[PDB]
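Heads up: the structure comes next, in C-alpha cells.
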RNA sequence: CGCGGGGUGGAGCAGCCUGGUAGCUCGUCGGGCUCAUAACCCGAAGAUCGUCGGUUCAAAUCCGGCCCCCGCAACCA
Ligand SMILES: Nc1nc2c(ncn2[C@@H]2O[C@H](COP(=O)(O)OP(=O)(O)NP(=O)(O)O)[C@@H](O)[C@H]2O)c(=O)[nH]1
Ligand code: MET
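Chains as they are written, first to last, in the deposited numbering: chain A, 1 to 415; chain B, 176 to 264.
Structural data, given as C-alpha cells:
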C-alpha cells in the first residue's frame with residue numbers, strides 16, 4: 001500500500017536546436033484521445049510556462065525497467081489493483097532560434113535540471129547547438145539528460161550512431177555523466193524509453209529564494225504612436241522575462257542603462273529611475289514579472305523614448321560604482337582549446353600587442369581594446385557606458401575582420 | 176473645415192514630468208475644447224521627430240488657426256509657470 | 001484606430017528638429033617591398049538615394065499612393 005505525498009518541488013523543461021523534439025516532449029504524456037490532444041496550444045509564441053500537474057505513475061505487477069506512464073494504470077500487463085503515483089510536477093519549456101535563443105536562459109526560470117533532447121536526424125554542429133553548449137553549459141544545469149530524438153526508420157545503425165560523437169563530446173570535460181536516451185516522439189512509438197532513461201537527477205543541493213539576482217527584459221511592441229491623438233497613454237508599459245530567483249511584486253526601481261543625450265566628444269548613456277505601477281502577465285496582468293513572451297512592465301513613456309528596436313540588445317543590471325564613465329577592466333580569460341569562427345577549422349592568431357576585440361557584457365556588444373598582455377589575463381577598455389555587478393560573469397568576446405565579427409572565446413572580469 | 180500647418184517643438188524638464196503631465200491633466204487642461212463650439216477632437220502627434228503636429232478640427236475654418244494658436248499658448252503659459260519650453264527653432 | 005529594422009556606393013549604418021559638404025569598419029585594375037605579408041604603404045575607380053506627383057532658388061532629407069527583403073533579433077556549422 002502506498003499513499004504518502006512528499007516533496008513535489010523543482011520542475012524540469014526541455015530545449016535545444018530548433019525542432020529537436022521539445023514541444024512534443026513537454027506534452028509527451030497528457031491526455032488520451034477525446035479532446036485534450038495532440039501537442040502545444042493554440043498560440044505558438046513563447047508563453048504559458050507550466051503544463052501544471054503531470055501524472056507520473058506505475059504499477060505493481062508489471063515490471064519496473066520498461067514501465068512508467070501518465071494514462072491510468074496499464075492495459076499492457078493487465079488490470080487488477082490500483083496503481084501507484086510518483087509525484088506532482090509541471091513541465092516547462094522555452095523556444096530558441098537565431099532570434100530566440102536567449103529565451104533559453106529565461107525559460108530556465110521554472111526549469112531546474114532540464115532534460116536535454118539532442119538530435120538524430122540533424123548532425124551535431126548547428127549554430128544554436130554548440131551555441132547551446134557554450135552558452136547554457138554555465139547556467140548551472142548539469143542535470144541535462146541527453147535524449148536523441150527525431151529518428152523514424154533507416155538502416156537501424158542510426159541509434160548507436162547518434163551515441164558515438166556524443167560519447168566523444170562530454171565527460172572528458174565539465175558536465176559529468178549525462179544519460180543519452182533513444183526515442184521517437186514523432187510517432188509516440190518508444191516513449192517509455194525516454195522515462196526509463198530520464199528518471200535520474202543531478203547532485204548539488206540548492207535553496208528556494210531571497211538572494212541578489214537580476215532579470216533581463218524582453219520583447220514587446222511599441223504601442224500606437226500619438227498619430228491618433230495624444231491619448232492612449234498609460235505610459236507605454238513594456239516588459240521582460242526572469243532568469244534567476246526573485247522576491248515580490250517590486251521590479252523596476254531603476255532603469256539601468258539609459259539615453260545617450262549626446263554631450264560633446266564622450267557621450268555617456270544616462271539611466272532613468274522609477275517605481276513600478278503595472279507588470280503585465282498576459283491578456284490581464286500580474287503582481288510579479290512572469291517570463292516567456294510579451295509582458296508589459298510599467299514604464300512611463302511618450303511614444304518616443306521606447307526606441308522600438310532602434311536601440312537593440314535590451315540591458316538590465318543592478319546598482320553601479322556610480323560614475324557615468326567608469327573604465328577599469330581586468331579580465332582573467334580562458335577561451336578554448338582551438339579558435340571557433342565560421343565553419344572554418346583553421347587556427348587564428350594568439351595574443352599580440354594592442355589588438356581590438358569585442359568585449360560584450362550582457363545585451364550590449366561594446367568596443368573593447370585588449371591591450372596589456374599579462375599572459376593569460378588581459379586588460380580591456382570599453383566605450384559605451386555599462387555596469388557589471390559581480391566578479392562571477394561570462395564575457396562574450398569577438399574578433400574584427402572587415403566590418404564582420406567572429407566569437408573567439410571567453411573570459412571573466414574580476415572586481 | 177480646414178486642416179492646418181500646426182507643427183511645434185515642446186520640451187519638459189523633470190523626470191516626474193512624464194506623470195506631471197497627467198497631474199496637470201487632472202488640474203490644468205479643461206474647457207479649452209469648449210472655448211469654441213462644434214469641433215471634433217484634439218490631438219498631439221509626432222512628426223517622426225521630437226516635433227509634434229497638433230490638431231484642432233471643426234467646421235469653422237478660420238478659427239482653426241486662432242484655436243491652434245491658443246493651444247500653443249497653453250504650453251507657453253505653462254512654460255511661464257511649469258518651466259515648459261514649447262520652442263521649436 | 002496593435003505590425004516592428006529597413007533601404008544615406010556591391011557587407012553593418014544615431015540619414016527622417018536642425019529646409020541644398022557626403023564615410024568609421026567592404027570588395028578591386030596601375031607602382032608595390034635590394035626577405036615571405038590575410039598588418040598595410042597611394043582611398044585611382046564611379047555619383048539614378050528603389051516608382052511617383054506635388055512643395056521647390058535645388059532636392060540626399062517631407063504628406064500620401066507603389067513597394068522587394070528580415071519579421072517576435074545576442075554568448076549567431
Ligand atoms: N527536420 C525535422 N523536423 C521534424 C521531424 N519530425 C518532426 N519534425 C517537425 O517538428 C515540428 C514541431 O516543432 P516543435 O515541436 O515546435 O519544435 P520542437 O521539436 O519542440 N523544438 P523547439 O520548438 O524548441 O524548436 C513539426 O512541424 C514536425 O514536422 C524530423 O525528423 N525532422
Ligand atoms: C562549427 O564550425 C563547429 N566546429 C563549432 C563548434 S564545435 C562542434
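Ideal placement from N, C-alpha and C gives every residue a C-beta, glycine not left out.
Coarse secondary structure for residue i, derived from DSSP in three states
i, result
"residue 227(B)", "strand"
"residue 329(A)", "coil"
"residue 207(A)", "coil"
"residue 258(A)", "strand"
"residue 130(A)", "helix"
"residue 13(A)", "strand"
"residue 116(B)", "It is not possible to answer for residue 116(B), since the shown part of chain B is limited to 176 through 264."
"residue 245(B)", "helix"
"residue 194(A)", "helix"
"residue 365(A)", "coil"
"residue 400(A)", "strand"
"residue 220(B)", "strand"
"residue 53(A)", "coil"
"residue 346(A)", "coil"
"residue 407(A)", "strand"
"residue 109(A)", "coil"
"residue 5(A)", "coil"
"residue 148(A)", "strand"
"residue 456(A)", "The structure shown does not extend to residue 456(A), since chain A is modelled only from 1 to 415, so the question has no answer here."
"residue 372(A)", "strand"
"residue 395(A)", "strand"
"residue 356(A)", "strand"
"residue 25(A)", "helix"
"residue 71(A)", "coil"
"residue 243(A)", "coil"
"residue 281(A)", "coil"
heavy atom of ligand 2 below 7 Å from residue i C-beta
i, result
"residue 496(A)", "Only positions 1 to 415 of chain A appear in this structure, which leaves residue 496(A) out of reach."
"residue 343(A)", "yes"
"residue 386(A)", "no"
"residue 130(A)", "yes"
"residue 123(A)", "no"
"residue 340(A)", "yes"
Interface residues of chain A facing residue i [CB-CB closer than 8 Å]
i, result
"residue 217(B)", "229 and 230"
"residue 193(B)", "235, 300, 301 and 302"
Cβ-heavy atom distance, residue i to ligand 1, below 7 Å
i, result
"residue 19(A)", "yes"
"residue 22(A)", "yes"
"residue 205(A)", "no"
"residue 15(A)", "yes"
"residue 95(A)", "yes"
"residue 357(A)", "no"
"residue 186(A)", "yes"
"residue 150(A)", "yes"
Per-residue contacts from residue i into chain B (C-beta, under 9 Å)
i, result
"residue 226(A)", "218, 219, 220, 221 and 227"
Proximity test, residue i beta-carbon vs ligand 3 heavy atom, cut-off 7 Å
i, result
"residue 237(A)", "With respect to ligand 3, the structure offers nothing, as its ligand set consists of ligand 1 and ligand 2."
For this session: With 7 Å as the C-beta to C-beta threshold (strictly closer), list the residues of the stretch 170-190 of chain A near chain B in chain order.
Result: Taking 7 Å as the cut-off between beta carbons, none of the residues of the stretch 170-190 of chain A comes near chain B.
Exercise. Going along the stretch 259-276 of chain A in order, which residues come within less than 9 Å of chain B, judged by CB to CB distance?
Worked result: The residues in question are 272, 273 and 274.
For this session: Using a Cβ-Cβ cut-off of less than 8 Å, give me the residues of the stretch 282-298 of chain A that come near chain B, in sequence order.
Result: Of all residues in the stretch 282-298 of chain A, none has a Cβ within less than 8 Å of some Cβ in chain B.
Exercise. In the stretch 225-248 of chain B, which residues sit with their C-beta less than 9 Å from some C-beta in chain A, listed in chain order?
Worked result: Going along the stretch 225-248 of chain B in chain order, one finds 225, 227, 229 and 230 with a Cβ nearer than 9 Å to chain A.
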